[PDB]
Amino acid sequence: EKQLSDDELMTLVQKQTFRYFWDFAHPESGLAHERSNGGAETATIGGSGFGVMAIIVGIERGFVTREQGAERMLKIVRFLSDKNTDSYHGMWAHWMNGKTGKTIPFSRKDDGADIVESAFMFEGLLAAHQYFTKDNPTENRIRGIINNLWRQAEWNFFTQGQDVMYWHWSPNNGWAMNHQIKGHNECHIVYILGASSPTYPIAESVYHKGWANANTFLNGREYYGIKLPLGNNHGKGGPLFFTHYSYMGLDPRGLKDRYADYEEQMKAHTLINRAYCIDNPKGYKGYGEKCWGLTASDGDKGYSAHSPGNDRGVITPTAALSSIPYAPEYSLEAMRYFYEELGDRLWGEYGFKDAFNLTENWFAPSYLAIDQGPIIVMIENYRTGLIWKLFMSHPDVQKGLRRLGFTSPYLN
């Protein structure tokens, strides 16, 4: 078969992966399954938030019509806002039943609000609020519902009156999960949305003392000749998805606060993760320029948060692919290798399967919402900046970023 151009390849990857969020969505709610080989019943909130962004990409790419996409979006936001769908202080659980809306505990004491998952949902919903701007009954109602959900999200409750934010709260276990959200990981957007709230905002000191002070925050060390501003030391920044989940709507290009240049952060982390793979210090089969990218995913021995400090021989396609706006030539090189060389075993119904290990000759049988979503959306951000422009246009997001001391080309 003749080679696809880069534009053709990108479009095929987006279109095939889009099936996960459109055709494979729960029919009652429009929410995304956590994985293709799990419950029939489980919907994931953070992943569904990526799905919301995937729907906007799909309309713009002509995978569905605007009327179809709006209809689906209305189904989603109606389900999430329904009084019979479980919520806690305006937040949802990590998992819920995709037909009934009842919480499914993620672990024994994690059976209430998950504000990181809910923040990823709001990242998508605020983009959707800024996209569905037509004066017609469906889109008027989409915006109304989203604005009410946004105004009802009680960010400051999750501070317990302290200078930091907590990940969970439960009606049955209160604050027992006791997990402070400390930087620099995937949760940046939680503090930005907290600062942006028109109704339950956090104090600035919550960001500066809670998020911005941790062994895993200021880094500044050099790895393979590259300075990494922030993130885990031993992990050389950590799993690569830390450059994806909060930066689907939040555009890191020209984004700066008193701690970092976020464009530098995302590029440094991506190139270090790649350099680790090229170095291949553990000698795994196939690690290289064509085959790089370590992040959390399924694995031949089970799920793990793979990274240069936890390298188990598993390459995970969402790592390189979703980092496309940060190192496009290198991500396109990995994309083409995954499709053209590994495609007979890695490519299937919903795109690239979750992960593979060439040393153990293993290819994941699964697809995961949280790995598939960023592939669709970050490809689009690279090609047109679509989701970035929508999210960064929201006037509360702009207020929040200013409160926290950010500068950006979107601000002024």
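What counts, and where the lines are drawn
- Residues numbered from 1 in each chain as written, not as in the entry; some residues may be left out.
- Heavy atoms only, no water.
- Residues with missing side-chain atoms left out of burial classes, pairs and counts.
- 1 Å grid on protein atoms, 1.4 Å probe; cavity = no way out; pocket = protein on both sides within 12 Å on 5 of 7 lines; lining within 4 Å.
- Points joined across faces, edges and corners; volume = space filled by probe spheres on them.
- Helix = DSSP H or I, 4+ residues; strand = E, 2+ residues; numbered from the N terminus.
- Nonpolar A, V, L, I, M, F, W, Y, C, P; charged D, E, K, R; others polar.
- Buried < 20%, exposed > 50% of the residue type's maximum accessible area, 1.4 Å probe, protein only.
- Arc of directions from axis to C-beta.
- Contact = heavy atoms within 4.5 Å.

Method-wise, the PDB entry is recorded as coming from X-ray crystallography, at a reported resolution of 2.0100 Å.

Q: Can you walk me through the layout of surface pockets in this structure?
A: In this approach, a probe sized like a water molecule rolls over the atoms, and the result shows the empty space that is left. Approximately 460 Å³ is the volume found for the largest pocket. In this structure, the largest pocket is lined by 20 residues; those nearest its centre are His94, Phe106, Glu117, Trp167 and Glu186. In terms of residue count, the dominant contributor to the lining of the largest pocket is helix 4 (residues 115-131) (three residues). Among the residues making up the lining of the largest pocket, the classes are represented as 12 nonpolar, three polar and five charged. Its boundaries defined by the atoms lining it, the second largest pocket holds a volume of some 170 Å³.

Q: Please clarify how unusual backbone geometry should be interpreted in this entry.
A: The omega torsion of the bond from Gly183 to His184 falls at -5 degrees, within 30 degrees of zero and hence cis. Relative to the helices and strands, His184 resides in the loop between strand 5 (168-169) and helix 6 (188-196). One non-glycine residue, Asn178, lies in the positive phi region at around 50 degrees. Position of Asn178 among the secondary structure elements: in the loop between strand 5 and helix 6. A positive phi is found at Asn280, a non-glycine position, where the angle reads about 50 degrees. With respect to the helices, strands and loops of the structure, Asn280 is situated in the loop between helix 8 (262-279) and strand 8 (296-297). Relative accessible area serves as the criterion here: at 15%, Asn280 is assigned to the buried category.

Q: How do you make sense of empty space enclosed by the protein when you look at a structure like this?
A: Here the largest cavity is characterised by a volume of approximately 50 Å³. Every residue lining the largest cavity is listed: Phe21, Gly30, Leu31, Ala32, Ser48, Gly51, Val52, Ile55 and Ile76. Broken down by element, the lining of the largest cavity gets its largest block of residues, four residues, from helix 2 (residues 45-60). In terms of residue class, the lining of the largest cavity is made up of six nonpolar, three polar and no charged. Computed from the structure, the second largest cavity encloses a volume of approximately 30 Å³. Looking at the second largest cavity, the residues that line it are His184, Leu230, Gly231, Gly237, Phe242, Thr243, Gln265 and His269. Residues that form the lining of the second largest cavity fall into these classes: two nonpolar, six polar and no charged.

Q: When you look at helix 14 (residues 395-403) in this model, what are you seeing that I'm missing?
A: The periodicity of an α-helix, 3.6 residues per turn, causes residues three or four places apart in sequence to face the same way. Taken residue by residue, helix 14 has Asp396, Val397, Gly400 and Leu401 as its buried positions. Along the axis of helix 14, the buried positions cluster into a sector of 135 degrees, meaning they face one direction only. On its buried face, helix 14 sits against helix 4, helix 5 (137-152), helix 6 and helix 13 (386-392). Trailing helix 14 by a residue or two, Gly405 shows a phi angle of about 90 degrees, which is positive.

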